[PDB]
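Asks:
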Amino acid sequence: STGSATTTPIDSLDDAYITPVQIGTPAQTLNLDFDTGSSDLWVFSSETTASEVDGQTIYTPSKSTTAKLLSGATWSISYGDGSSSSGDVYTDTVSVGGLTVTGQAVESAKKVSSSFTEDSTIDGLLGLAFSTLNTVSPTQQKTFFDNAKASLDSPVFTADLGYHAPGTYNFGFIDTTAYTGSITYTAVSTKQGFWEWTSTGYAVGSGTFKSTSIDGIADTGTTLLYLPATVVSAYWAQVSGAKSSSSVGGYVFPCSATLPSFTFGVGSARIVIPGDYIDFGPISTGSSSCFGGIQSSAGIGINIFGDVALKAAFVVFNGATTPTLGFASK
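At position 310 of the sequence shown the residue is numbered 310 (the entry's author numbering), and the sequence of numbers has no breaks.
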């Protein structure tokens, strides 16, 4: 089997991408944030504290003839941005782009943190990291991809995120028309539960490539590119007037600037992030200070190849017995 679904930016900055997901019988379609940095499929629901729902579409398990309470199971998650959610668990039929999994754990939120409530466009998350990170207790549950894998034509999914445009998540096949050149595959460590890999270096604009190992994660659920402070300083030094602002929370730059590209290495191959992809717009409405799309990871503990980096590539998440990642230009 295969599946193919369009993923759409939630706003004009590409802050996140939403993909329609069919849950239950009859189908309830929710728009979920596919997140290769986490491993829970959780949704706003008829159980979510009413004051914490503000425009989201909810899953109502009592209206699904295939929903079953997973007795005793609870979940609770905290994300790298400080947001969180928790609740109970149903199993139900879940379909993405024509690919159907029966008995998928659907984590129904009883509580969500304010950042979720305040984002009316995201109805939940669909985790695509390794199932070892799933938070369901006392019996950990499998991700959608883990449940689907054996049925897929090939045990892979691909992320093709658009810049200011829709893109595609495919399951079970690699669309050879969706990229240019060849796909370069690179090793993955699953020891932290992530799609963790090592970039071979970077370049700023037309500058020389610096060969240096940068360990980080491929994370579709993170907006920006978080890299070591040395790398980030070298990038922003090429933007007149850019500076790190402790009060804003990162590098800012004059909105009048033209940003240089940023290249990262995948083996001997190179992925070029155009400068425009690094502009996240005014820090507040009407400001002429703009927020940068490349930020320091120093306070995180891990480097993160988020959407800024991934949307410059066609990305293969190869879930074979020994997982690997593939990157192609497009």
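The beta-carbon is built from N, C-alpha and C at its ideal position, and this holds for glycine as well.
Which residue marks the beginning of the alpha helix (DSSP H) containing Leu-310, and which one marks its end?
Replies: For the purposes of this step, residue 310 is identified with residue 310 of the sequence shown, where counting begins at 1. Looking at the DSSP string, the run of the alpha helix (DSSP H) that includes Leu-310 is 307-310.
Asks: Do you know offhand how far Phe-291's Cα is from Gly-281's?
Replies: Position 291 of the sequence shown holds residue 291. Position 281 of the sequence shown holds residue 281. Rounded to whole angstroms, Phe-291 to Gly-281 spans 6 Å at the Cα level.
Asks: Ends of the alpha helix (DSSP H) at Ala-234?
Replies: Position 234 of the sequence shown, counted from the first residue, corresponds to residue 234. Note, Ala-234: alpha helix (DSSP H), 229-236.
Asks: Express the C-alpha separation of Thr-223 and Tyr-251 in angstroms, rounding to a whole number.
Replies: On the sequence shown, position 251 is the one that residue 251 refers to. On the sequence shown, position 223 is the one that residue 223 refers to. The straight-line gap from Cα to Cα measures roughly 15 Å.
Asks: Output the distance between the C-alpha atoms of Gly-306 and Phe-116, rounded to the nearest integer angstrom.
Replies: Indexing the sequence shown from 1 puts residue 306 at position 306. Indexing the sequence shown from 1 puts residue 116 at position 116. If I take the Cα positions, the gap works out to 19 Å.
Asks: Pair every Cβ in the region 135-149 with every Cβ in the region 50-69, then say whether three or more of these pairs are closer than 8 Å.
Replies: Not touching, per the Cβ criterion.
Asks: Determine the closest residue to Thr-322 out of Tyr-185, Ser-245, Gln-56 and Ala-5, with distance taken between C-alpha atoms.
Replies: Within the sequence shown, residue 322 is the residue found at index 322, counting from 1. Cα-wise, what sits closest to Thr-322 is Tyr-185.
Asks: Please report how far the alpha carbon of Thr-132 lies from the alpha carbon of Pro-228, in whole angstroms.
Replies: Translated into the one-based positions of the sequence shown, residue 132 becomes position 132. Translated into the one-based positions of the sequence shown, residue 228 becomes position 228. So the alpha carbons of these two residues sit roughly 27 Å apart.
Asks: In whole angstroms, what separates the C-alpha of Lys-111 from that of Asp-88?
Replies: Position 111 of the sequence shown, counted from the start, is the residue given in the question as residue 111. Position 88 of the sequence shown, counted from the start, is the residue given in the question as residue 88. If I take the Cα positions, the gap works out to 10 Å.
Asks: If you draw a straight line from the C-alpha of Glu-107 to the C-alpha of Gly-207, how long is it?
Replies: Position 107 of the sequence shown holds residue 107. Position 207 of the sequence shown holds residue 207. Distance between the alpha carbons of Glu-107 and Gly-207: 47 Å.
Asks: Figure out for me which residue from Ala-67, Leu-69 and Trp-42 has the closest Cα to the Cα of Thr-57.
Replies: By 1-based counting over the sequence shown, the position of residue 57 is 57. Among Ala-67, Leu-69 and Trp-42, the Cα nearest to that of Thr-57 is on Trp-42.
Asks: Taking the alpha-carbon of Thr-25 as reference, which of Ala-5, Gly-82 and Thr-100 has the nearest alpha-carbon?
Replies: Taking the sequence shown and counting its residues from 1, one reaches residue 25 at position 25. Cα-wise, what sits closest to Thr-25 is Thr-100.
Asks: Within the continuous alpha helix (DSSP H) that includes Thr-117, where are the two ends?
Replies: Reading the sequence shown from its first residue, position 117 is the one you call residue 117. Residues 114-117.
Asks: Rounding to the nearest angstrom, what Cα-Cα distance links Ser-247 and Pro-61 in this structure?
Replies: Along the sequence shown, read from residue 1 onward, the residue named residue 247 stands at position 247. Along the sequence shown, read from residue 1 onward, the residue named residue 61 stands at position 61. If I take the Cα positions, the gap works out to 43 Å.
Asks: Just verifying my parser: in three-state terms, what is the DSSP assignment at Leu-133?
Replies: Counting from 1 along the sequence shown, the entry for residue 133 is found at position 133. Helix, per DSSP.
Asks: Return the chain-ordered list of same chain residues with a C-beta closer than 7 Å to the C-beta of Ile-217, the five sequence neighbours on each side being excluded.
Replies: Locating residue 217 in the sequence shown gives position 217, counting from the first residue. Once the five neighbours on either side are set aside, the close Cβ partners of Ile-217 are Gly-37, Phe-194, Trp-195, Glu-196, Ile-302, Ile-304 and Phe-305.
Asks: Check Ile-58 in the structure and name its three-state DSSP category.
Replies: As a working note, residue 58 is residue 58 in the sequence shown. In the structure shown, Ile-58 sits in coil (DSSP, three-state: anything other than H, G, I, E or B).
Asks: Can you tell me whether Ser-120 is buried or exposed, with buried defined as 16 or more other CB within 10 angstroms of its CB?
Replies: Stepping through the sequence shown from its first residue, residue 120 is reached at position 120. Exposed.
Asks: Is the CB-CB distance between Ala-129 and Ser-240 below 7 Å?
Replies: Position 129 of the sequence shown holds residue 129. Position 240 of the sequence shown holds residue 240. No.
Asks: Tell me whether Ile-278 sits in a helix, a strand or coil according to DSSP, three-state version.
Replies: Working through the sequence shown from its first residue, we reach residue 278 at position 278. In the structure shown, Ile-278 sits in a helix (DSSP, three-state: H, G or I).
Asks: Where DSSP assigns a beta bridge to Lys-210, which residues make up the other side?
Replies: Taking the sequence shown and counting its residues from 1, one reaches residue 210 at position 210. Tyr-202.
Asks: For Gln-22, which residues in the same chain have their Cβ closer than 6 Å to its Cβ, ignoring the five residues on either side in sequence?
Replies: Translated into the one-based positions of the sequence shown, residue 22 becomes position 22. So the list reads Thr-29 and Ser-95, once near-sequence residues are dropped.
Asks: Might you give, ordered along the chain, the residues of its own chain that have their beta carbon closer than 8 Å to the beta carbon of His-164, omitting 5 neighbours on each side?
Replies: Against the sequence shown, residue 164 aligns to sequence position 164. So the list reads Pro-9, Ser-12 and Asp-14, once near-sequence residues are dropped.
Asks: Would you report the Cα separation of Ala-269 and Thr-324, rounded to the nearest angstrom?
Replies: Your numbering for residue 269 matches position 269 in the sequence shown. Your numbering for residue 324 matches position 324 in the sequence shown. About 15 Å.
Asks: For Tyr-235, which residues from the same chain have a beta carbon less than 7 Å from its beta carbon, with the 5 sequence-adjacent residues on both sides left out?
Replies: Start at 1 with the first residue of the sequence shown, and residue 235 comes out as number 235. Closer than 7 Å at the Cβ level, and outside the excluded window around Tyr-235, lie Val-204, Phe-262 and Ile-294.
Asks: Quick check on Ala-320: does DSSP put it in helix, strand or coil?
Replies: On the sequence shown, position 320 is the one that residue 320 refers to. Coil, per DSSP.
Asks: From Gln-104, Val-308, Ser-137 and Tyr-90, pick the residue whose C-alpha is nearest to that of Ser-76; which is it?
Replies: Mapped onto the sequence shown, residue 76 falls at position 76. Nearest of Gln-104, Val-308, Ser-137 and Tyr-90 to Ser-76, Cα basis: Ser-137.
Asks: Using the three-state DSSP reduction, which class does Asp-175 fall into: helix, strand or coil?
Replies: If you number the sequence shown from 1, residue 175 lands on position 175. Three-state result, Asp-175: coil.
Asks: Whole angstroms are fine: how far does the CA of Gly-319 sit from the CA of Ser-154?
Replies: Walking along the sequence shown from the start, residue 154 turns up at place 154. Walking along the sequence shown from the start, residue 319 turns up at place 319. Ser-154 and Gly-319: Cα-Cα distance of roughly 9 Å.
Asks: Put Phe-44 into one of helix, strand or coil per three-state DSSP.
Replies: Locating residue 44 in the sequence shown gives position 44, where the first residue counts as 1. Here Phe-44 sits in coil by DSSP.
Asks: DSSP three-state label for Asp-146, please.
Replies: Along the sequence shown, one-based indexing puts residue 146 at 146. Of the three classes helix, strand and coil, the one that applies to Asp-146 here is helix, per DSSP.
Asks: Just tell me which of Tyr-169, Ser-64, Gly-267 and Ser-1 has its CA closest to the CA of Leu-152.
Replies: In the sequence shown, counting from the first residue as 1, residue 152 sits at position 152. Of the listed residues, the one whose Cα sits closest to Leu-152 is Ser-1.
Asks: Would you mind sorting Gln-192 into buried or exposed? The rule is 16 or more other CB atoms within 10 Å of its CB.
Replies: Your numbering for residue 192 matches position 192 in the sequence shown. That one is exposed.
Asks: Since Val-156 is in the beta strand (DSSP E), which residue starts that stretch and which ends it?
Replies: In the sequence shown, the residue the question calls residue 156 occupies position 156. From DSSP, the beta strand (DSSP E) with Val-156 extends over 156-160.
Asks: Based on the DSSP secondary-structure assignment, which residues constitute the bridge partners of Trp-195?
Replies: Position 195 of the sequence shown, counted from the first residue, corresponds to residue 195. Bridge partners of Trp-195: none, in fact.
Asks: Identify whether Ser-86 lies in helix, strand or coil by the three-state DSSP scheme.
Replies: As a working mapping, residue 86 is identified with position 86 in the sequence shown. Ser-86: strand per DSSP, three-state reduction.
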